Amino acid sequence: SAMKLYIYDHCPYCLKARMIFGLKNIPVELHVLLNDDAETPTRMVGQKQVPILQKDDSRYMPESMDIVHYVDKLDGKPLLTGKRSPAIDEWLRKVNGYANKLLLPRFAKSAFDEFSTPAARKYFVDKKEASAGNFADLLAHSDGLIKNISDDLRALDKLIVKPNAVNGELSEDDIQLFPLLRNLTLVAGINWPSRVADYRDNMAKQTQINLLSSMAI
């Protein structure tokens, strides 16, 4: 078995794909693409997007949830069998509505391999300042936004059923929630409630995906 996953480290959709390999303890070869590389993904799947899975037969497949469903079913014993929660879905809708106001200007300043060339980092800065707004301005509003995240995490704390699975049994809600919590560890100053923090730490070990406190800004 020699599947390959083409990603950006910061990308939550890439994190979703990475999660299933970790949960199932299936080895996968990670390749971090430079953020300004349109040619590689376009050759693979016809447009610039990540994640992209390369299967054993050398075929490429895009789309994080297609990749998750494919990998989970491969051995005929899916792990993502738990119920999903409408309350978690509502929470993610809300928080994903604004979290990038904190995340994007921080991603832009961080040591992710997709930004290893200064051209790739600049490409990201220019694209995201245009779409999300001026980074210095977003950063100036950090304390307000951090208050919002901390308050939303307080609400989430009551929804974490077990530290190993948000709804008590591994489900697609873990796939949708963890990448956001992982990325939020890049944000210094967040007050993490105990059950959320325990889930975050537990799921990071299950998935073998790194938390980002050492880079937090």
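The numbering used is simple: start at 1 and walk along the sequence shown.
Mean CA B-factor, 175 to 183 versus 26 to 34: the higher value falls on 26 to 34. The PDB entry reports B-factors from which the mean C-alpha value can be compared for 77 to 85 and 119 to 127; the larger average falls on 77 to 85. The PDB entry assigns its highest CA temperature factor, among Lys205, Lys16, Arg195, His10, to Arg195. Remark: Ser213 belongs to the middle third of its chain, ranked by C-alpha B-factor as recorded. Ranked against the other modelled residues of its chain, the C-alpha B-factor of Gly133 as given in the entry falls in the highest third. For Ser64, the recorded CA temperature factor ranks within the lowest third of the chain's modelled residues. When the CA B factors of the chain's modelled residues are split into thirds, the value for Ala140 lands in the highest one. Sorting the modelled residues of the chain by their CA temperature factor places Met44 in the lowest third.
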